[PDB]
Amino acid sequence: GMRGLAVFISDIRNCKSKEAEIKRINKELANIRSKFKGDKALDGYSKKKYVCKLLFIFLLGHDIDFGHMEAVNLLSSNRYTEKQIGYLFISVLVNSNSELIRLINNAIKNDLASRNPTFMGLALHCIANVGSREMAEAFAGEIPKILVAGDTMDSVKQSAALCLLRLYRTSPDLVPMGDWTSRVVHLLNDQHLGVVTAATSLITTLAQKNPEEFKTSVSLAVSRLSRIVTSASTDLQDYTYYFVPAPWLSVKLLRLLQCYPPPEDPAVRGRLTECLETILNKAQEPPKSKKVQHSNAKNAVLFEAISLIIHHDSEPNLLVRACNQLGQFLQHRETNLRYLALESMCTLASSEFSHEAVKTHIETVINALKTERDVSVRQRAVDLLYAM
């Protein structure tokens, strides 16, 4: 690694007072400024090392008045470490300065053009992190092409999907629905779950403004969701978290489903309901692991599924089961779960069909009101009472 950087950090730690820290820092700033406006052209390592030191100083809370140019020079470097530090730097310290912006944008352009996936991910992330309007203007057109193209690497695909999301959030106008939309939906079918995870976020946000374009996703997601929950540990070894299969992708697909009403094709609607029934069953099954990570992963999916059930207000039997599980959670020893159950049930109360089922637990709630130490939970319980 870079020894000189390590030493400068140790020196800062070793400082006994705020003042000593300032003195050491100003010394470094001057030493560095000396090198940059220095006769010697700097080797790749030192330029990378010094720019790193400047960043540390910035993070320390001291403003930095220079070093932006050097960072751009590092962007050109073909060495990854040099390129990563530079891109980090312009990401943290963003300039309104136009001269810099044109230089940066050219640097990014070169990287996206380069077939190396690592450079592409640096460039892609940079756009996402900065997410500037100026930056959007430059690449809003280009990014979907990268995302949608086959032959694009998975990792590039992941960042590509999320990067476009940033562009769409920042500058919705520059991102119009087009033909990339169809291909993006089928990205939900990708073998690599990391891609699917990223794609689903893009889709969920897009579907909110323009639902009609992406209803095809509904059918696709329901199929993957069902497959994932029934999935065995050996089949998804990489994405199984404490014996829970893809908890986060499952959550995300359920939230996507919440954008739409129940699926138009009954076959799909059946597959979905059986899936939700399964999820609810798994809750009551004896736990594979005693560890809390298992429960949190498992329950996070459940609470999202319950959220979908409540949203649709579609299936009575499910609404009934949902009410039941939440009621069981009111008694749970973990403060976290009781809080969440009280919240969800509170929403559930609004459903006309389920209203009477919720009123069953009024005593349980009141009992909590007498014994509950947590102030936040007490509010979510008082809130439930008014709901009934």
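We number the residues from 1 along the sequence you see.
- If you average the C-alpha B-factors over 368-376 and over 7-15, the higher value belongs to 368-376.
- If you average the C-alpha B-factors over 261-269 and over 237-245, the higher value belongs to 261-269.
- The PDB entry assigns the greatest CA B-factor among 163, 203, 94, 195 to 94.
- Comparing C-alpha B-factors across 298, 157, 102, 252 in the deposited entry, the largest value falls on 102.
- The entry lists a Cα temperature factor for residue 288 that places it in the highest third of the chain's modelled residues.
- In the deposited entry, the Cα temperature factor of residue 307 places it in the lowest third of its chain's modelled residues.
- In the deposited entry, the Cα temperature factor of residue 62 sits in the middle third of values across the chain's modelled residues.
- When the modelled residues of the chain are ordered by C-alpha B-factor, residue 46 sits in the highest third.
- In this PDB entry, residue 324 carries a Cα temperature factor that places it within the middle third of its chain's modelled residues.
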